[PDB]
Amino acid sequence: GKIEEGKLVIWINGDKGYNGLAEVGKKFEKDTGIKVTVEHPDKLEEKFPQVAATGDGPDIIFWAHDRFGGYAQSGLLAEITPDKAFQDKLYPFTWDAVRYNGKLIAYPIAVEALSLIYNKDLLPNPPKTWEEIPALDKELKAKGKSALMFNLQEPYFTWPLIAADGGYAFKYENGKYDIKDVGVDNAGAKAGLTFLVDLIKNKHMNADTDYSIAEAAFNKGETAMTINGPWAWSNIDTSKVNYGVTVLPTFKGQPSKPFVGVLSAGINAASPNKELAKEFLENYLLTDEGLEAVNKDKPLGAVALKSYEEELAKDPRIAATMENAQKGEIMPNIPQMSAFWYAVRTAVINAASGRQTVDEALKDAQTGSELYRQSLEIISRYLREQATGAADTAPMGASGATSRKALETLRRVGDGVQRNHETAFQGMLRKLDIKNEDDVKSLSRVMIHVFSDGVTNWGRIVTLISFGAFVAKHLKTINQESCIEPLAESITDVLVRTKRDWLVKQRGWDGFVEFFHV
Ligand SMILES: CO[C@H]1/C(F)=C/C[C@H](C)[C@@H](C)S(=O)(=O)NC(=O)c2ccc3c(c2)N(C[C@@H]2CCO[C@H]21)C[C@@]1(CCCc2cc(Cl)ccc21)CO3
Ligand SMILES: OC[C@H]1O[C@H](O[C@H]2[C@H](O)[C@@H](O)[C@@H](O)O[C@@H]2CO)[C@H](O)[C@@H](O)[C@@H]1O
């Protein structure tokens, strides 16, 4: 389906101030005659890239900025071009969170960081360390309470602990990300997750605790502490708990490091209402009165709009939010963040339930988080050396032995496939009629149709990549060598998205090397 002209459909998460956002929508309707529909579907961050890919979905999508680079890389977002006068009304660091490949891909709304929320009637002074929580829980259990309950199903809430002693997602040094350097299974990450698993094993927490269970327990006065963001404060106000919002506890003397999000509004590339969306976001929502309406429903945190943020800055809950934000780090918006989050969510859940050990769980998470970059490194090098006749001299980098050995295996087995299946390869090449970067882009659909319509095994993966090499050779001979790298990226995208779970179960490219050994 096509997006309907002359209305606005907005998607925002169900924990945010969506009735507040609908009031801003009604003000827009009152001026313009244009109906604004606000929806909060489950798993909207997973649904958006599926429906938007077919030219469907909402006109405007709200999420934290971490998902938006993936969306932008897939052509799902309109470039945002506010004038200088509008850009200067928001803090520059919030604009930086919505910049992807030099282009603004969303409007920033507000800065979110988790804090420790504590019941002052149970815990007059909250604990400064994670390490004192077991003893504190023992004290509280004797009075029929617990120390701490928070969502263990979403790794956002457990990440601050994992990150504290040296866990990291993608390493940041000299003002740039080393996407090859992933810190999911180092000693720091292990120490943090082991502490969490030990809290569970000693019955200080329950592995099944989710968002709803922890909220209800805190807001009924059953647990002394929770971990949550500004959005949660509204329901706590209603409960009349005497609560404080403060700095997260330290682990091994070091601050808990929450991943900081910037709630952001992106415009769908398929929307025929882009001018209405920009008008709504700039002149209705991102105003003192627009942000107030949302903030009164569920608090936004530290708003991007300089004028309204000065008014809210005096709130000690916001001061505490920004203290934790400064100790933490701004999330990347790189396309791999979705894979990172999927990998760590599974690792926390399996470690918490005892399905896997901490070592086993973080091992798998590391492989999952590394999979795109390692797969690209191998696939791009094979395609490029096959096309040119000469290999890449560049160092292989992180997990370089695996990448080197996988490439050597792929040269052996892939050249065998190209030789033996030369007839079919030639026939399919002629059938596809590839001649430019436009035709290369259209291969993704046929590639995913043929590669996924069949069993999952290493032999079929070799075919995917070897035919890729066969096409790369053709692109070089027709003076279309600049298409080879986008082809490699497209093959890699198809492989890692469709076979993510299977690939991780095989120990990634080490499984490939082992399967075809001797
Ligand atoms: C019958 O004719 C096919 C052929 F010869 C199969 C022989 C093989 C060795 C089988 C015995 S198998 O079961 O081991 N493997 C597969 O069946 C298989 C797996 C993946 C795969 C394909 C097959 N493709 C169809 C092949 C290529 C040559 O003839 C087709 C190519 C494919 C789709 C077209 C566009 C395209 C573009 C790029 Cl850049 C890369 C790949 C592709 C998707 O990838
Ligand atoms: O749990 C992984 C998850 O973390 C972040 O999602 C947060 C979001 O930023 C908050 O606004 C709030 O809604 O809670 C969410 C956690 O349930 C990432 O933004 C998201 O991409 C990621 O999957």
Side-chain angles (χ1 to χ4, degrees), residues 12-16 40 43-46 62-71 109-114 150-159 169 210-211 227-232 258-264 298 300-301 331-333 337-345 348-349 379 383 413-414 416-418 420-432 434 439-475 483-484 486-492 494-495 498-499:
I12 188 169
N13 203 39
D15 59 5
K16 304 317 197 286
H40 48 93
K43 308 191 179 195
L44 78 93
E45 85 289 8
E46 298 185 45
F62 284 76
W63 199 264
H65 76 277
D66 67 304
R67 298 262 159 183
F68 281 70
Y71 303 161
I109 308 298
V111 186
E112 301 172 344
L114 296 163
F150 64 98
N151 187 8
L152 308 183
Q153 311 309 309
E154 283 293 340
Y156 187 71
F157 296 85
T158 45
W159 190 254
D210 71 358
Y211 191 92
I227 291 168
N228 225 324
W231 59 85
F259 250 148
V260 181
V262 175
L263 181 70
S264 300
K298 301 291 176 73
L300 288 160
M331 290 187 284
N333 72 354
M337 285 301 293
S338 177
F340 160 78
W341 283 131
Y342 185 82
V344 174
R345 179 179 293 117
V348 174
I349 289 176
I379 293 165
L383 270 58
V413 188
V417 167
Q418 289 187 79
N420 286 304
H421 301 267
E422 193 175 40
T423 301
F425 276 37
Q426 289 283 10
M428 187 55 75
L429 183 62
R430 289 180 190 176
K431 190 175 177 186
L432 292 160
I434 301 157
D439 293 3
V440 167
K441 291 158 179 165
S442 56
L443 295 170
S444 287
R445 295 181 181 175
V446 61
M447 184 157 38
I448 197 165
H449 187 268
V450 178
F451 176 58
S452 310
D453 189 54
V455 295
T456 307
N457 59 44
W458 288 117
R460 292 185 91 270
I461 293 162
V462 171
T463 308
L464 178 73
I465 297 160
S466 297
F467 192 68
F470 199 81
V471 172
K473 289 167 186 185
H474 170 72
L475 291 166
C483 305
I484 292 163
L487 185 64
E489 291 171 321
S490 181
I491 292 157
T492 306
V494 170
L495 177 54
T498 62
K499 310 306 183 181

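Positions are given from 1, in the same order as the sequence printed here. All ligand and atom numbering here is 1-based and tracks the order in the structure.
Here's the thing with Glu45: none of its N/O atoms is less than 3.5 angstrom from an N/O atom of ligand 2. Looking at ligand 2, you'll find an N or O of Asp15 within less than 3.5 Å of one of its N or O atoms. Considering backbone and side-chain atoms alike, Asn151 places every N or O at 3.5 Å or more from each N or O of ligand 2.
Taking atom 27 (C) of ligand 1 as the reference point, the nearest protein heavy-atom neighbour is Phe467 CD1, 3.8 Å. For atom 35 (C) of ligand 1, the closest non-hydrogen atom on the protein side is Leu432 CD1, 3.8 Å. Ranking protein heavy atoms by distance to atom 7 (C) of ligand 1, first place goes to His421 ND1, 3.8 Å. In this structure, atom 15 (N) of ligand 1 lies nearest to the protein heavy atom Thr463 OG1, 3.2 Å. Of the protein's non-hydrogen atoms, the one nearest atom 30 (C) of ligand 1 is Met428 CE, 4.0 Å. The protein non-hydrogen atom at the shortest distance from atom 25 (C) of ligand 1 is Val450 CG1, 3.9 Å. What sits closest to atom 19 (C) of ligand 1 on the protein, heavy atoms only, is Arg460 O, 3.5 Å. Looking only at heavy atoms of the protein, atom 39 (Cl) of ligand 1 is closest to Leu487 CD1, 3.5 Å.
For ligand 2, the atoms closer than 4.0 angstrom to any heavy atom of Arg345 are 2 (C), 23 (O). Close contacts between ligand 1 and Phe425 involve ligand atoms 28 (C) [criterion: under 4.0 Å to a heavy atom]. Close approach of ligand 2 to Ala64 (heavy-atom distance below 4.0 Å) involves ligand atoms 9 (O), 19 (O). Residue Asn13 has at least one heavy-atom neighbour below 4.0 Å for each of these atoms of ligand 2: 13 (O). Set against the non-hydrogen atoms of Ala424, the atoms of ligand 1 under 4.0 Å away are 5 (F), 28 (C), 29 (O). Below 4.0 Å from some heavy atom of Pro155 lie the following atoms of ligand 2, by number and element: 1 (O), 2 (C). Near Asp66, meaning under 4.0 Å from any of its heavy atoms, are these atoms of ligand 2: 18 (C), 19 (O), 20 (C), 21 (O). Set against the non-hydrogen atoms of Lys16, the atoms of ligand 2 under 4.0 Å away are 10 (C), 11 (O), 12 (C), 13 (O). Atoms of ligand 2 found under 4.0 Å from any heavy atom of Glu112, numbered from 1 in the order shown, are 9 (O), 10 (C), 11 (O).
A cation-pi arrangement is found for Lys16 relative to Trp231, the charged atom lying closer than 6.0 Å to the ring centre and inside a 45° cone about the ring normal.
Scanning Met331, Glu154, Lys43 for the heavy atom closest to atom 1 (O) of ligand 2 points to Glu154.
The line from CG of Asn228 to CD of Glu112 is 10.5 Å long, rounded to the nearest 0.5 Å. Note: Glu45 CD to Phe68 CZ = 11.0 Å, rounded to the nearest 0.5 Å.
Judged by distance alone, with hydrogens and angles left aside, the side-chain atoms of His474 form a donor-acceptor pair with the main-chain N or O of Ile434 at under 3.5 Å. Between the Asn420 side chain and the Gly416 main chain, a donor and an acceptor come within less than 3.5 Å of each other.
Counting protein heavy atoms under 4.0 angstrom from atom 41 (C) of ligand 1 gives one or more. Distance screen at 4.0 Å: atom 11 (C) of ligand 1 has no protein heavy-atom neighbour inside the cut-off. For atom 3 (C) of ligand 1, the protein comes within 4.0 Å by no heavy atom at all.
In this model, a donor atom of one side chain and an acceptor atom of the other lie less than 3.5 Å apart for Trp341 and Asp66.
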- prompt: Stepwise, does the ring pair (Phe, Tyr, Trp, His ring centres under 6.0 Å) test hold for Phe150 with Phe157?
  reply: CA-CA 7 Å; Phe150 64 98; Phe157 296 85; 7.1 Å; no
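Minimum interatomic distance between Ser452 and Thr498 (heavy atoms only, all atoms of both residues): OG-CG2, 3.7 Å.
When the shell of 6.0 Å around OH of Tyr342 is examined, it contains 12 or fewer heavy atoms from other residues, nucleotides or ligands.
Contact analysis puts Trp63 in contact with ligand 2, with a non-hydrogen atom separation below 4.0 angstrom. For the ligand labelled ligand 2, residue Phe259 lies outside the 4.0 Å heavy-atom shell. Taking a 4.0 Å cut-off on heavy atoms, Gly229 fails to register as neighbouring ligand 2.
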